[PDB]
C-alpha cells in the first residue's frame, strides 16, 4: 500500500484549474517522481468522476516510450494521487516560448514521436483529445513524454464516436465546435496545431475572446510563411483540414496516412519507437531537483467508504 507520508514534497511543477503537480522524492528508494494531486470534493461537484477514472485507467494500462508511465495511483480521505515518471525537460511550451520557432527538422523529430504515441493510443482504442504544448513534455534525454490523460476516452475503435464538448479552446477541432458527435480525427487536428506552432511560431487561429476564436477555427483559412517548405505546408494543410473526412489521418487507416506523408519520408518508424534517433536538444539538468525548464510562476510558489473512487490503488510491476 502507498500513502502520502512515503514522499518528500519539494516544489510545484505545474497547476491547472482542477489540480496541481508537485515534484516528489520517494523516501524508501530516493527516486524522483511527479505527483498529480486532485481534490475529490471539486471532482464530485463538477460531475467529473468518469473522466478521472478514465485518466487512471489510461495511465495504468498504457506502455509506450513516449507516454508518461505511472508508478503508483492511490487515494486518501480527500485527495486523488498519480505518481508519474518525472519529465525533467519541462513542457514543449517552455522551449517554444523561449526559442520563438523551431527548425523543420526539430519539429519533425517531436512530431514523429507524437505520431508514434497517438498511433499506439488509437490502437488501444483511446482518443487523447487534449494535444497541446503544455501537455507535451521532454524527458531527461530530450524525448517526448505525453502527459495529462484527463480528457481521454476509452473504447473508441475504428469509426466510433464521442459526444463530450471538451478540450482546450485554441486547440479545438471544427467538428467539436459543431453539434452532435465526432471521431478520432480530432487528435490529428491537435497534432496539426502543435506542428504549426513549432514551425510557424504562432497558433493558426487566435483571439483572447473564445467566441471570436471559435469563429476563426470554423471559418478562417490558414496562412503559411512563404519560406516554409512545400512538404511542411502540405503536412499542415492536411492536418488542419476543417472536414475530418478530408483530414490527413481522418481516413480509415488513421495514423498510416500521417506516417506516409512526404514530410516524414526520412523517418524510420521502428527507429522512432525504439529510441534510436538522436535528440536535437538534451535538457541540461545538473540534478534531479533542477527545475530550470519549468516556469518560475510555479516553482517559486510555497507548498503547504462512500467517497471511495473505483479502479484506483495501483502499483507498477516494472
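Positions refer to the first chain, counted from 1. The term rigid core refers to the most C-alpha atoms you can superpose between the two forms while keeping them within 1.5 Å.
*Asks:* When the core is superposed, where do the C-alphas shift more in 9 other deposited structures of this protein: in 184 to 192 or in 169 to 177?
*Replies:* Output: 169 to 177, the stretch lying farther off on average in 9 other deposited structures of this protein.
*Asks:* Between 67 to 75 and 201 to 209, pick out the one whose C-alpha positions differ more from the shown form in 9 other deposited structures of this protein, using the rigid core for superposition.
*Replies:* Between 67 to 75 and 201 to 209, greater C-alpha deviation in 9 other deposited structures of this protein belongs to 201 to 209.
*Asks:* Does residue 164, which is modelled here, drop out in at least a third of the other compared PDB entries?
*Replies:* Yes.
*Asks:* Thinking of the other compared PDB entries, is residue 141 one of those residues unmodelled in at least a third of them?
*Replies:* In all of the other entries, residue 141 has coordinates.
*Asks:* Gap size between residue 304 and residue 305, counting deposited residues with no coordinates: none, 1 to 3, 4 to 9, or 10 or more?
*Replies:* The entry has 10 or more unmodelled residues between residue 304 and residue 305.
*Asks:* For the higher mean C-alpha B factor in the entry, choose 174 to 182 or 125 to 133.
*Replies:* Per the deposited B-factors, the answer is 174 to 182.
*Asks:* Should the higher mean CA B-factor in the entry be assigned to 203 to 211 or to 232 to 240?
*Replies:* Result of the comparison: 203 to 211.
*Asks:* Select one of 60, 52, 68, 291: the residue whose C-alpha shows the highest B-factor in the crystal structure entry.
*Replies:* Out of 60, 52, 68, 291, the record gives the largest C-alpha B-factor to 60.
*Asks:* Split the chain's modelled residues into thirds by Cα B-factor; is residue 138 in the lowest, middle or highest one?
*Replies:* Its C-alpha B-factor, which the entry lists for residue 138, ranks in the lowest third among residues of this chain.
*Asks:* Test of reading the entry: by CA B factor among the chain's modelled residues, which third contains residue 160?
*Replies:* Middle third of the chain for residue 160's C-alpha B-factor.
*Asks:* Split into thirds by Cα B-factor across the chain's modelled residues, where does residue 91 land: lowest, middle or highest?
*Replies:* For residue 91, the deposited C-alpha B-factor lands in the lowest third.
*Asks:* State the tercile, meaning the lowest, middle or highest third, of residue 74 with respect to the CA B-factors recorded for its chain.
*Replies:* Highest third of the chain for residue 74's C-alpha B-factor.
*Asks:* Thinking about Cα B factors across the chain, which third does residue 216 belong to?
*Replies:* Its C-alpha B-factor, which the entry lists for residue 216, ranks in the lowest third among residues of this chain.
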